[PDB]
Amino acid sequence: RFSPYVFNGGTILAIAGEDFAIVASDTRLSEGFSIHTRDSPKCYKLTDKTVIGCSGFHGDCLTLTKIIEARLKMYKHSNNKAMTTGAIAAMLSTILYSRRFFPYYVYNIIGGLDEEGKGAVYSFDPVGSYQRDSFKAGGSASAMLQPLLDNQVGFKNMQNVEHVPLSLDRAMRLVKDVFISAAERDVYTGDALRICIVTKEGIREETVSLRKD
Amino acid sequence: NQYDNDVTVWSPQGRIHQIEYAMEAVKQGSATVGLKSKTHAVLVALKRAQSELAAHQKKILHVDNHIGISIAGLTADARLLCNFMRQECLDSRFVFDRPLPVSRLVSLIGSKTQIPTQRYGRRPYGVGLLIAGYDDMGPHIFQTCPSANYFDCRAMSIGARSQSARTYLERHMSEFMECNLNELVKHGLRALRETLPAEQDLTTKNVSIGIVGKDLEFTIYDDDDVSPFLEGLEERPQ
Amino acid sequence: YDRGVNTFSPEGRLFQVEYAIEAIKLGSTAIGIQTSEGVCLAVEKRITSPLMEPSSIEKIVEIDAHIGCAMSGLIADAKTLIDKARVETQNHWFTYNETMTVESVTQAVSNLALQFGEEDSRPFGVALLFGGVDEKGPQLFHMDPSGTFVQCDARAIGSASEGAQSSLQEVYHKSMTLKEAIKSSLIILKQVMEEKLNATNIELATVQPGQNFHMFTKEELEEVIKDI
Amino acid sequence: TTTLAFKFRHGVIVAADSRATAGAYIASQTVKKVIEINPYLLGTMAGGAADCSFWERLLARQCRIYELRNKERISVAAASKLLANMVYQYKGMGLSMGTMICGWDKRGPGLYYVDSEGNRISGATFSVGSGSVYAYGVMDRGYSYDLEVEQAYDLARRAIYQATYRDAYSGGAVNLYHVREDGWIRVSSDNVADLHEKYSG
Amino acid sequence: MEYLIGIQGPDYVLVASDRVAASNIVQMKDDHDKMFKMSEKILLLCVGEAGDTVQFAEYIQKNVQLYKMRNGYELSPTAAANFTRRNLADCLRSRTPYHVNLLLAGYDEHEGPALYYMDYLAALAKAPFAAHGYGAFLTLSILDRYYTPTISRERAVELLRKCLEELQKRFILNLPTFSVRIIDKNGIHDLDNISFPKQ
Amino acid sequence: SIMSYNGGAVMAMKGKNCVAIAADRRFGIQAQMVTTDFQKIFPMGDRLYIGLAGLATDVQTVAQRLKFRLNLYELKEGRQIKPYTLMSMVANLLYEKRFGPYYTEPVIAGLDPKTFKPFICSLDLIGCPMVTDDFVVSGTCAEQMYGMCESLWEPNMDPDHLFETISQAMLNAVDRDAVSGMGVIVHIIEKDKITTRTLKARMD
Amino acid sequence: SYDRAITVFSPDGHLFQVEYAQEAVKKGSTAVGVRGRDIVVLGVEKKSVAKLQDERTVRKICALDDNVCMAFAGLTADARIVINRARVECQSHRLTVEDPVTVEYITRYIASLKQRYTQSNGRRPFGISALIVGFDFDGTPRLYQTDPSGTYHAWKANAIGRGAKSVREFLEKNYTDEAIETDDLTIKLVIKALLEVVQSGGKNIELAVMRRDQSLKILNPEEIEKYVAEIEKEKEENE
Amino acid sequence: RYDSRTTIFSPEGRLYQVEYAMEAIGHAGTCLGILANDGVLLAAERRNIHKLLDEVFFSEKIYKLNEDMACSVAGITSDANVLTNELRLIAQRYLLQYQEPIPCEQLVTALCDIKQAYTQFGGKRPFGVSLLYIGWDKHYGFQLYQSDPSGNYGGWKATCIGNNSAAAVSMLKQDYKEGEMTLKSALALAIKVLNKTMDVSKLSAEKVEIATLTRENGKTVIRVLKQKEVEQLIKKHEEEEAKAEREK
């Protein structure tokens, strides 16, 4: 009989900097044991200071993206201003709970700048609970990225090591190293790496190739 | 005088007076002038103060990234049509993932305003909408009326004493297709200064200018950015 | 043709909402002044009886913990408008984790006052003054039964409305302070009311950026009056 | 997941862990499981993340309107009753909610327990969570109504530590709040690994 | 799971319940009350699900008080008992069935004392004694042994104490304390609480 | 089953100029009795009774709904109800719950209001009327009640022997049943009077 | 000229059909009420029994809940709907929120139910005015009043009915800032206030008090006759 | 004027449509109930007793309604059949709910809330029907009540109808009894009151109607007493006139 859900894969990474935010994802879209395309990024520029990532079931990712982009315009003409980073995370929690008994199969991470100019990363669940974190990794390779970033960013289980804040250039090579190691052991990850950098001067993009198998 | 009570009642001359009276509410509001070139469509309005120290009431309001409208008439019918206007613009973005053609959005307004001009229980909308936009075939200047007719035009002025603005537009409409924005805007606001009593001048605090372009999103300038537009003007020949 | 909200005039107009503007005129006076240090606000009580309990007559209500209010005209329609104005600021915080701005409060209020005959009743009989300090600083707004919404720098409505405006436009300027605008406001009040001004005829309400509390004065009002 | 609450002579003590998992996978270690409803009310999170997050935020939406319409704070028994009726309309549809309500009232302290099944009971001591049953024994061995303030801080900090030791779904940090007559106050937030060097030494 | 008892006398009704609010292993509350004063001569005992006990019995509680304030006088215990049966049976073939077990205790000025039994399928009865829960099995044959229709109110308390000691002996659950009421021509009087030193 | 949740037995029997009806007294859940004074025979006007058996909820429910419709019938019309008319009334009430049905099987016994003519009938749980001339039975122990009535019934019987036949039919059949008993009440009516007797049965 | 509608305005901004509803209040029997230290009291006048009827069905003083009272004016039909509706709300409040109902909450329900009942055409408004007296909200004595426009309002001493202007002017010169303690003194204030009745027969006063802890205590025409005697005892000092 | 729908109020200020209905009942039949210990009675009048009718029901003014209550009727007959079918349907809804009869007061207020509700909602007439009430209950015994078009009511011990027979109320006070209120003492009072108010002399039995309600062995029988015993009740009163003239 008909089943309404299917898994598509994907891996999303976000790191809250001191005055920046980095959002990274792969561009591989798959289903079962087939590859649909090798060019399908998960980054979405909502505003000039907020980028969202959407993994999971791809049909709900296309729907939920267009609902949020409609409500950005509905906020603005009612208030003569744009939404903040924390306002979007409060709005998204009500949208995800609004279909509590038929849930979206989407994992969400919002990264961007606050009103003070600092980094902010909000992680989500498919029902709508959230919290502010410093770094999260969502998607199929989520278990292969969280223990390594605890060592390098959070400095957990380390002795006699000072807590220097992560610079921008050091954070770029940490993102480029975790996706090489994750594409080796995971099958839902590869073919590119789209990286979005959110600073006070706009949004930069950068693409790094991976292995194509 | 007994025929002059409802929208339903026809006259023995064949003219419904309630539609004829909603035209008179358009003449209560202030004047506003819209025009276009081959590439750029600019509509310019005129603010009116309420008191000596209250803020001036706004006229031009943003609708979409390629559509902006002016206003003349009742403020109750103004925001009631705006909420119908904004809902239709984002439905084509949500369904078709394209912006609306401007010529077919206004046909939805004439279907919207037709029902309260025929069925009893709702007055006609007293409103004077001027519409500027961009479909795939260039700029457009549209007007509506409470008789639910919509007129495509290349220049139009409606509101209080706007007949003197129409006379300026007819003898300069041959020049509008070629000139660019540095004078096309101040071709338009030379038409507003005949809709004024001859002793005061169009200042920076009582005028709004909205520009939508072929490569330019619809932008509203008011009270600070009008000064690069009001520079380089002559006075009235008094 | 002057007894219907569904009927125009040969000249304009209504002829129904114009009569609703007249219902404000038989109210009580109220003065609000916007200043860069904050927004002060004054009103007249018109207490009828000594047995009449004074704090049951409201003229300043607290819409939110950074937004005050003032009213005149019909009391019965006023309590309807204050109700959703408290709810719409509360629904916005529920879905956005932020305080609704003072301008966008009245956007929600004006969306229902222009629904008197425009559904598928009568218009209201009450003007409102909204003062508050949002992220754009201190603000002061004004509405009417016709839904016409505007920002004012210093506004006086109710009875004695036009007579207050002429004297109020004389002394206002941009570089006022808050403590100057408070004593400037009730010089106008004792010139427009008929009873002798004391601590029981009026009441005050202020709002400040860092002092979002205290939209009321509790017998510090006696100190202001004794130094007039 | 392990929360507890107990009232005594000087108010109410609230304590919880900070670990939220997903199957056998730990999602985070910094989950704030005590939801700050008001400056005079506190709520907990026990069973379901978004279910305890939404409905207590909807309760905080309701208690503010009650304060504006009546010029008075809401009572503790009133807010626990309003939460019980909202969840009961979705009975059987599959909610999970086991929160607690704390706060000072005109009658004094206040402590109620609300389930998603429909149980609304008062009491003096409670402990909710997967590792809740490890916390009843160590608390009741040291509980008294006439405990001191610094003594009550060490009792709840001990009881969360013994619960996170035996349970696998409990760990992270130990939050600790104190409800005073005027309003609640945040006491501290201590890591479990810091307490292990203190308690075993 | 929890226990009720319904000893009826010639001019009195002796009722008692337990004080346990357990959660599946633990005992969260040991002074819980299951006694609902419907009026000045009518009590209510309720045993059932988690939420269905509080929601339904308070719906009856705040509906008999409406009859008192509006008509100036009080319901009889028979009419009050036969209104509770109407609300289960009407709300039984629907999406929300209430799963509670009740017994009603009332005194009438014209009919004397009365006791009514209630199933979770809304079946009325008129019993000289009744009980509920798993402890209803072990205790009612003791009460069937020594019952007399003309019994004093002092022997009924002694018969109630005989009825509860065997529930202390051969019943697996703990159940330490038991609150006791009594209803007569004067009203509802609260007797002393019953506890058990086991060993 | 659902019918076997509380038990019950209702028997009616036609005589010469009279008619009798009998039922049990036991009320109880599946194996545990509660009381021995549960009414299962309800008067609906003079010289006309009705008996109900099945689920104890629908026994008390239908007997109140039928009383609701009977009093509204006997006030719009000054006459009383005919025994054929009540059978059409009950069959309408059961068929409205065609797919939500009440779990009972009614037995109607009574005399004609004008003449002396008796009447007996029984219905199903969805309203199939069935009139006979000798006896109708309903309840859980139905098969035992057919074995007694097919051998003891005589066509033209005085109220003396009609009472003795329905007594021996109820006692010997219900004592074979497990979930029915604890007392038997017998109504025997006629043109002149109504006699109600209770029998000495086994209380186990 | 123009009234004949509750939705139209006057050329000077009035609602005459709302104002005509207050004219129907002035055809009613007067009822007064004061608050005191602990004991609140309210009394009514103009019983006027007509020799052939039972007098327990003409009662003007009812209780909504266990600790709130009610006295009204106007016409008897519209009061019965408002009383029967308010008993439901002061009981359904207790079900949704387990507190007892404050005296302030029930007056907002009566005013708001009379509010929306004025707005829509084809709905004749209530021609009654009510007095809500209750020392319920945590030991604090209060009394409010209503209005056919739908404006709940708080006084400290009140008079309504046919002749309220004389009594309200009487109480302003009589209600001392000295709080009337020794509550029979406060009851004697009402009997002195109700002494200015439309005829002042003496035996046409039905005073009902409440000691803020017990239920309603309807006074008998023997205890009230004793208070009428001591009012004449203080009147002997005029000579 | 102000003779529009029931909404609105008049100025100064009252309700003209309600007043028009309350005057209409004076041009109707005549009904009265009297005091009685251990009983209660009703008395009515047969209008238009023309000799080509059947009277197949033999009860026209009186409608037995629950089991121990009946009612008279006075007013528009089109609205009369609506109320009686509604009022019987109230008492069975109460009986289905509590399994106890309706206690004779809140039945009256249940109708009076229906009769009021047509005075505020537009656009309807009010009911142009006033009617009486007799009954027995557990709490107060024998009772009398008086309906009005406005929904107002009131208990009584003896009452009647207006502009037809408003002078009877003066006779009920002048010949009032209290305590000595047996049924035979009240039936003699009933035929004397209907003698003057019904202006047709000598009081033929086909123009009147008498219904009683007693309390017998806990059953509360209701008697609509037949025309044969009306005869010996009238001739008793005709004899008392010939006895009363001995003082002359």
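Letters A, B, C, D, E, F, G and H mark the chains as written, and numbering starts fresh at 1 in each.
In the analysis below, a contact is a pair of C-beta atoms (placed from the backbone, for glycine too) under 8 Å apart; a residue touches a chain by one contact, two chains touch by 3 or more.
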item: Pair of chains whose C-beta contact count is the highest in the structure; value: G-H
item: Farthest-lying chain, centroid of Cα atoms versus that of subunit D; value: H
item: Distance between chain centroids, defined by C-alpha means - subunit D, subunit H (Å); value: 68
item: Distance from subunit C to subunit B - Cα centre to Cα centre, in angstrom; value: 33
item: Chain centre separation (subunit A, subunit H; CA means) in Å; value: 84
item: Multi-chain contact residues (two or more partners), subunit C; value: 94
item: Per-residue multi-chain contacts in subunit E, two or more chains; value: none
item: For subunit H, residues that touch 2 or more chains besides their own; value: 99, 105
item: Subunit B residues touching subunit A - in the complex, by the definition given at the top; value: 62, 86, 90, 93-94
item: Residues on subunit H engaged by subunit G in the complex (per definition of touch); value: 2, 4-14, 105, 109, 112-113, 116, 119-123, 150-159, 169, 172-173, 176
item: Footprint of subunit B on subunit C - complex, ascending; value: 1, 5-13, 110-111, 114, 117-118, 120, 142, 146-148, 150-155, 165, 169, 172
item: Subunit D - residues contacting subunit A, complex; value: 25, 28, 30-32, 49-51, 53-54, 93-94
item: Residue ranges of subunit H touching subunit E (in the complex, touch as defined); value: 97-100, 103, 105-106, 138-139
